[PDB]
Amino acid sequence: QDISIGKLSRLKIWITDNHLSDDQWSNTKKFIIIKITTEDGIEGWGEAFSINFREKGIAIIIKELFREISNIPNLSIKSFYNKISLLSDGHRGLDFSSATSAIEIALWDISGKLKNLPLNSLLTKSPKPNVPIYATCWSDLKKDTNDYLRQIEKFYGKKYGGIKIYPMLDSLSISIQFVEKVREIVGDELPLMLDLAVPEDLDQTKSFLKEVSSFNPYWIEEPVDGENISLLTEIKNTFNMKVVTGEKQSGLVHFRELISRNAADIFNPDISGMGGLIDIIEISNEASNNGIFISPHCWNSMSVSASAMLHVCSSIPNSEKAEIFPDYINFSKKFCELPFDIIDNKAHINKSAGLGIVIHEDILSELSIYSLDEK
């Protein structure tokens, strides 16, 4: 992190268009992927957590930050981090944190290349070679319950380390019947994660959690808004179930308040959304000292973001299962020779330098709706 990178010379940004999967399950979100090249010709890849209607705004922020840091002759990951601290002056938000994550991730990739080390080897002496994963089952398109059940059975056959579903439906009985039907497929052994996605009615959430405990969910994600610290503590303390929060927030101070208030058991900040890897690792360590696990959120491409997450999870003692969107794999494969492979419940990651990213830029450009290249 104190590795001298030198001066930055070039920035390219792609924003991919939405793409319908071959099986028609879902459309990909627009991804924001960046490549930074140093004066010495070293390339690093980054990815920003993309947010609907804000992708171009995030990309513009990245370009403005790049301009500001690009003539710093002794840039390092740490000095970038410190410059951002100064510039930001305590004004925080997800869009800004996504922009800084993309740049910082690229600097980590470059630093790996400079040391001839995979990112996980930069982070710890003895990283884990295989990373437990789980699969998220979600679509942007309207589905009926049987549509989901069919997709879930497909996931079950792949032998992922777990499956995450979104069970908050039109009514309590329908929601719990969905959970029961999923259990009919996966059995009682498989980690089954439940993403409640911040239900608007707290009483509906309380009834659901009262009714679902018999199905032994592996975790309960976002039962209330992440800034509702008091209700997270209450929920966590009322039900015996592991509470996950963090995907929609960023910055150390928020997560330190979650720790102080015993508000969650697992944090899931987005790998490309927290602000960068320095803060992901720092909160991972603090969490580990307080019995909290880290399961980075990764609603991003299965290329750059996914590699960053796998490296981080392989480097920390308190990782939980890492998030995969199987329906995003084939699209990511179009332009990226992926630096990992999935065998049953684990991803085996690159031992090559940095993030191990090999992207066919011509294809990435073909798939993009917006771009930037800037010396």
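Position 1 is the first residue in the sequence shown; the rest follow in order.
Asker: Name the higher of the two by mean Cα B-factor in the PDB entry, 134-142 versus 252-260.
Answerer: Here the higher of the two C-alpha B-factor means belongs to 134-142.
Asker: Which is higher in the entry, the mean Cα B factor of 203-211 or that of 296-304?
Answerer: The stretch with the larger mean CA B-factor is 203-211.
Asker: Highest Cα B-factor in the deposition, which of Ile84, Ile110, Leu190, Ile103?
Answerer: Spelled out: the listed residue with the top C-alpha B-factor is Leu190.
Asker: Can you pull the Cα B-factors for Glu222, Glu153, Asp270, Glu282 from the entry and say which is highest?
Answerer: Of the candidates given, the C-alpha B-factor peaks at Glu153.
Asker: What third of its chain's C-alpha B-factors does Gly276 belong to: lowest, middle or highest?
Answerer: Its C-alpha B-factor belongs to the lowest third of this chain's values.
Asker: Sorting by Cα B-factor within the chain, modelled residues only, which third would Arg92 end up in: lowest, middle or highest?
Answerer: CA B-factor rank for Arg92: middle third.
Asker: Sort the modelled residues of this chain by their C-alpha B factor and say whether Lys12 lands in the lowest, middle or highest third.
Answerer: Bottom third by C-alpha B-factor.
Asker: Using the temperature factors of the C-alpha atoms in this entry, rank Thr245 within its chain: lowest, middle or highest third.
Answerer: It belongs to the lowest third of the chain when residues are ordered by C-alpha B-factor.
Asker: For the chain shown, is the CA B-factor of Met309 in the lowest, middle or highest third of its modelled residues?
Answerer: It belongs to the lowest third of the chain when residues are ordered by C-alpha B-factor.
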